[PDB]
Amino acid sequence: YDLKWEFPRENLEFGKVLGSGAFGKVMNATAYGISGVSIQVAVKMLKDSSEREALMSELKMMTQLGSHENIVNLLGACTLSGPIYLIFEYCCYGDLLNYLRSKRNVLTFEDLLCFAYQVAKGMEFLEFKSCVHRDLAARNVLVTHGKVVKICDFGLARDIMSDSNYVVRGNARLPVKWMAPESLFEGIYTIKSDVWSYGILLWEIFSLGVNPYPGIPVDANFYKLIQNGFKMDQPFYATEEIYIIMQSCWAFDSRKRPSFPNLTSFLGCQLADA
């Protein structure tokens, strides 16, 4: 743990709560001298030592990572004289899933294309840094000024007990509709697992925030539907090209899916034309 991250907690001026869960929360705050004179920041904190580490493990993970434009970037932390705080960039428009739903500032197709592009840029970065995201969805992407989007993970700051998209499977509560077959049936999580999730995230964007596999519940039939190769139909705001791209992320063989460098090229092409 580098010392340059350590930020005076007294310089933090707390505002409203941005998200809450059973383990922890994300507050909004004003931080003096971390950038102007002060900026808006988002602060992660807890509310049990089995999770005092899971935060600390997130702390060292975010510092090793390095910054990217399409990632919620760490600015500082408080880890010495009191409770642990992780200080992030503030994304004033909240998560992408709600942002899309509320937009049903006017929203164009090219914006949709941009959102998709930036997320693939951000996952390309993670691929390079050799990370996997175990919960990649639209709800785990934030929106800031200038239609910029940043990938994040609420993790302990989301109440999964009351989120219907997290389904009890085995000794856990998982976001099943976003998960790859190897994840579901072998507990495997790779960058290509993320690619499958990205495909679902594309569906989320170009449906404008419709729940994946709409009208289909998560029961015994769903797992056999996925396992027999079921794929969603085209979402309303998808072009023909995008749907094909979206479909490649859903190859049952994880080896047959595109990489994120591939996805960035495919979507870069679409942006240049659109």
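By rigid core we mean the largest C-alpha set that fits within 1.5 Å across both forms. Heads up: residue numbers just count along the shown sequence, starting at 1.
The stretch that strays farther, by root mean square C-alpha distance over structures and residues in 4 other deposited structures of this protein after a rigid core fit, is 166-174, when 166-174 is set against 142-150. Displacement analysis by core superposition in 4 other deposited structures of this protein ranks 52-60 above the other of 209-217 and 52-60 in root-mean-square C-alpha distance from the shown form. Gap between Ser35 and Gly36: 1 to 3 deposited residues without coordinates.
Unmodelled residues of the deposited sequence between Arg104 and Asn105: 10 or more.
In this entry, 164-172 shows the higher mean Cα temperature factor of the pair 190-198 and 164-172. With 205-213 and 218-226 compared on mean CA B-factor from the PDB entry, the stretch scoring higher is 218-226. Ranking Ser57, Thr63, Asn70, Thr30 by Cα temperature factor from the entry places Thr63 first. Remark: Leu12 belongs to the middle third of its chain, ranked by C-alpha B-factor as recorded.
Sort the modelled residues of the chain by CA B factor and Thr108 lands in the middle third. When the CA B factors of the chain's modelled residues are split into thirds, the value for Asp159 lands in the highest one. Looking at the C-alpha B-factors along this chain, the one for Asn262 belongs to the middle third. Placement of the Cα temperature factor of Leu75 within the chain: lowest third of the modelled residues, per the deposited record.
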